[PDB]
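Q: Just the starting chains for now, same placement as in the complex:
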Amino acid sequence: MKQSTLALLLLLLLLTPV
Amino acid sequence: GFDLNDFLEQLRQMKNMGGXXXXXXXXXXXXXXXXXXXXXXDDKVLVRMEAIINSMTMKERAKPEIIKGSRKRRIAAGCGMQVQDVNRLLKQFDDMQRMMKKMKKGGXXXXXXXXXXXXXXXXXXX
Amino acid sequence: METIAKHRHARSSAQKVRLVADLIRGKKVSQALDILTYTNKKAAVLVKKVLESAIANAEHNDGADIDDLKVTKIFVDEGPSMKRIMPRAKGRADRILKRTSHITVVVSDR
């Protein structure tokens, strides 16, 4: 849902550029 | 709250589905600013993450701030890796504590929309 | 073996910090840590920090057992002091000195 897409998206991704 | 228990289960539920070619194509705004090939090695790094979070005693996970020099020697020895990698894994966990406490305070839309992509001057990449 | 930990440019005067520094001189660092815990001063928490750091240094770098450590030399020097201005009555003004200090703690197994 919304908290699973806000979990996974910025988890995988915002672990990428940082 | 948010611990390395929920981070353990976050990353072990995310080491089933996690991939870098399926999740660098599910966002159009973050793969054009930072490079599209800086994503991750998902299986290597998530099996690393799960390894390192297996090296912990359970109150070292539920209370991540008591992890010190001896604790990181013991964790880095447990899974066969470097103390620096465990350093950067507890770093990553710290960033995600930041983000999910921010998602706790601010409404889901005002903390997902005010999210910023950042460069050091307007010229591309420097 | 001697080990250093320093904190440089701390806000407090040398003078105020000296009061506390001179409480812990000579004790073994356990007993001294407690002396510092229940001292009510600002300098106390500054110096507590520096002392603890010093212990970490000794153990991690030089492989000293914590039990044996004493505080052999602890001294507070003057730091760079910054001028400010407080306006005073009838127009005259006052160059203010916001003082800082160098807390230097050194521990040894001997």
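A: Nice, thanks for sending it over. Numbers count the residues shown, from 1 in each chain, chains lettered A, B, ... in the order given.
Q: Just give me the neighbour total for residue B:77.
A: Residue crowding around residue B:77 was assessed by other CB atoms under 10 Å in any protein chain shown; the count is 12. C-beta: built from backbone N, CA, C; applies to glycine.
Q: ok, now residue B:51?
A: Per other CB under 10 Å, the neighbour tally for residue B:51 reads 16.
Q: show me what contacts it?
A: Listed by CB atoms under 8 Å, 6 or more residues apart in numbering or on different chains, the contact set of residue B:51 reads B:79, B:81.
Q: now could you export just the CA positions of the host helix or strand of it as PDB?
A: According to DSSP states H and E, residue B:51 maps onto helix B:42-54. The C-alpha trace of helix B:42-54 is given here as PDB (Å, rounded to 0.1, in the frame of the first residue of the first chain):
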ATOM      1  CA  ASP B  42      20.900  -6.100  -3.900                       C
ATOM      2  CA  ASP B  43      21.600  -9.800  -3.100                       C
ATOM      3  CA  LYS B  44      25.200  -9.300  -2.000                       C
ATOM      4  CA  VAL B  45      24.400  -6.200   0.200                       C
ATOM      5  CA  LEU B  46      21.100  -7.400   1.600                       C
ATOM      6  CA  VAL B  47      22.600 -10.800   2.500                       C
ATOM      7  CA  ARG B  48      25.400  -8.700   4.100                       C
ATOM      8  CA  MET B  49      22.900  -6.600   6.000                       C
ATOM      9  CA  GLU B  50      21.000  -9.700   7.200                       C
ATOM     10  CA  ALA B  51      24.300 -11.400   8.100                       C
ATOM     11  CA  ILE B  52      25.400  -8.300  10.200                       C
ATOM     12  CA  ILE B  53      22.000  -8.100  11.900                       C
ATOM     13  CA  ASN B  54      22.300 -11.800  12.700                       C
END
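Q: What are the buried residues along that helix?
A: Neighbour-count burial for helix B:42-54 flags B:42, B:45-46, B:48-53 (criterion: 16 or more other CB atoms under 10 Å in any protein chain shown).
Q: Which secondary structure elements does the next helix or strand after that helix sit against?
A: Moving toward the C-terminus from helix B:42-54, the next helix or strand (DSSP H and E) is helix B:58-61. Helix B:58-61 is packed against helix B:4-17, with contacts defined by 3 or more CB pairs under 8 Å, 6 or more residues apart in numbering or on different chains; DSSP states H and E.
Q: ok, and for the helix it packs on, which residues are buried?
A: Residues B:4-5, B:7-8, B:10-11, B:14-15 are the ones in helix B:4-17 that count as buried (16+ other CB under 10 Å).
Q: add one more, call it chain D:
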Amino acid sequence: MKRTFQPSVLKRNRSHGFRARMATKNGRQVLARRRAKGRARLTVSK
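A: If we add chain D to the chains shown above, we get the following:
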């Protein structure tokens, strides 16, 4: 109490503004001296 500087823009500019200087011989001498000392701004303008 009531101090000496009570600012006004229209006042400021009619008194010291560029055009006000340029009006006269003396003023253009001011603007001469300034241009010779090489100021950042000659007059008071916004």
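Q: what residues does stretch B:84-94 touch?
A: Stretch B:84-94 has contacts (CB under 8 Å, 6+ apart) with A:15, A:18, B:4, B:7, B:48-49, B:52-53, B:55, B:64, B:67, B:72, B:75-76.
Q: Now with 10 Å, please.
A: Contacts of stretch B:84-94 with the rest of the structure, by CB atoms under 10 Å, 6 or more residues apart in numbering or on different chains, involve A:11, A:14-15, A:18, B:2-4, B:7, B:10-11, B:45, B:48-49, B:51-53, B:55-56, B:61, B:64-65, B:67, B:71-79, B:81-82.
Q: Next: stretch D:33-46.
A: D:9, D:12-13, D:15-22, D:27, D:30-32.
Q: Of those residues, select the buried ones using a PyMOL command.
A: A single PyMOL command selects the buried members of the contacts of stretch D:33-46 (16+ other CB under 10 Å):
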select buried, chain D and resi 13+17+21+27+31
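Q: For chain B, what's its nearest residue on chain A.
A: Residue of chain A nearest chain B, by CB to the nearest CB: residue A:17 (4.0 Å).
Q: quick one, phi psi at that residue?
A: Phi and psi for residue A:17, reported as degrees, to the nearest 10, are phi -80, psi -30.
Q: How far off centre is stretch D:18-37?
A: Taking CA atoms, centre = their mean, to the nearest Å, one finds the center of stretch D:18-37 at 9 Å from the center of the full chain.
Q: Likewise for stretch A:9-17?
A: Distance of stretch A:9-17 from the chain centroid (CA atoms, centre = their mean) equals 5 Å.
Q: Would you mind extracting the C-alpha trace of that stretch into CSV?
A: The C-alpha trace of stretch A:9-17 is given here as CSV (Å, rounded to 0.1, in the frame of the first residue of the first chain):
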residue,chain,number,x,y,z
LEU,A,9,10.9,3.2,-2.4
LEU,A,10,12.9,5.6,-0.2
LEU,A,11,14.4,2.6,1.7
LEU,A,12,16.1,0.9,-1.4
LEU,A,13,16.5,4.2,-3.2
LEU,A,14,17.5,6.7,-0.4
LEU,A,15,20.0,3.9,0.7
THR,A,16,21.3,4.3,-3.0
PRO,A,17,22.4,8.0,-3.4
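Q: residue with max distance from the center of chain C?
A: Distance from the C-alpha centroid of chain C, by CA atoms, centre = their mean, peaks at residue C:90 (39.7 Å).
Q: any idea where the helices of chain C begin and end?
A: Here chain C has its helices, by DSSP state H, at C:14-24, C:29-37, C:42-57.
Q: can you slot in chain E too:
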Amino acid sequence: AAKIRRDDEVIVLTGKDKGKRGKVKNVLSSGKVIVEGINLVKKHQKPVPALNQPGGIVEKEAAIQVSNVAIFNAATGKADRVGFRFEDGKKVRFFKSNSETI
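A: That brings us to chain E, laid onto the chains above:
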């Protein structure tokens, strides 16, 4: 009128590399050159996640003053000094000792 150029093989006169030979990567405006296998420095690099740059100590090549490198004569096996003449109508470089063109 520039004596030392890209891709010339040179020999190093001065420094820790004295006597070593190598190939020029590029030149810089300040009169500095950067030579293959020459003047390695060990540089510390803070890991950068955007460029996927790991950390660590990278051995890199640091610029050397162009006065310190001589154009290597392959014929004589000696360092040489260079000069200019006009062959055809074109401006060309030659070695001072055997006066042969490059």
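Q: once more on what packs on helix B:58-61, this time with chain E?
A: helix B:4-17, helix B:42-54, helix B:69-78 (3 or more CB pairs under 10 Å, 6 or more residues apart in numbering or on different chains; DSSP states H and E).
Q: and residue E:2, how far is that from residue E:86?
A: Per CB to CB, to the nearest Å, residue E:2 is found 16 Å from residue E:86.
Q: Same check on residue E:21?
A: From residue E:21 across to residue E:86, the span is 30 Å (CB to CB).
Q: Looking at those two, which one has more neighbours?
A: For residue E:21 and residue E:86, the more surrounded residue by other CB under 10 Å is residue E:21, and the numbers stand at 18 against 8.
Q: The residue nearest the centre of chain D: what's its closest spatial neighbour, skipping adjacent residues?
A: Among the residues of chain D, residue D:16 comes closest to the average C-alpha position under CA atoms, centre = their mean, at 3.0 Å. In space, and not counting its chain neighbours, residue D:16 is closest to residue D:44: 5.1 Å by CB to CB, 6 or more residues apart in numbering or on different chains.
Q: Could you pull up phi and psi at the one you found?
A: Phi and psi for residue D:44, reported as degrees, to the nearest 10, are phi -90, psi 110.
Q: For chain D, just list every one of the helices.
A: For chain D, the helices defined by DSSP H cover D:9-16, D:18-22, D:25-37.
Q: and those helices as CSV, adding distance to residue C:82?
A: Converted to CSV, the helices of chain D look like this (distance: least, CB to CB, whole Å):
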stretch, distance to residue C:82
helix D:9-16, 37
helix D:18-22, 42
helix D:25-37, 35
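Q: Nearest to residue C:28, out of the ones you listed?
A: Nearest to residue C:28 among the helices of chain D is helix D:25-37 (70.8 Å), distances taken as CB to CB.
Q: give the contact list for residue B:78.
A: Contacts for residue B:78 (CB under 10 Å, 6+ apart) come out as B:51-52, B:54-56, B:86.
Q: Need the max-distance pair from those.
A: B:54 and B:86 (11.9 Å).
Q: In three-state terms, label residue E:19 for me.
A: Under DSSP: H, G, I helix; E, B strand; the rest coil, residue E:19 falls in the coil class.
Q: Quick check: it vs residue E:28, distance?
A: From residue E:19 across to residue E:28, the span is 23 Å (CB to CB).
Q: again, but for residue C:91
A: Separation of residue C:91 from residue E:28 (CB to CB): 59 Å.
Q: So these two - more neighbours on which side?
A: Shown here are residue C:91 and residue E:28; by other CB under 10 Å, residue E:28 has more neighbours (10 against 6).
Q: got the residues of chain E near chain A?
A: Proximity of chain E to chain A (CB under 10 Å from any CB of the partner chain) is limited to residues E:49-50, E:52.
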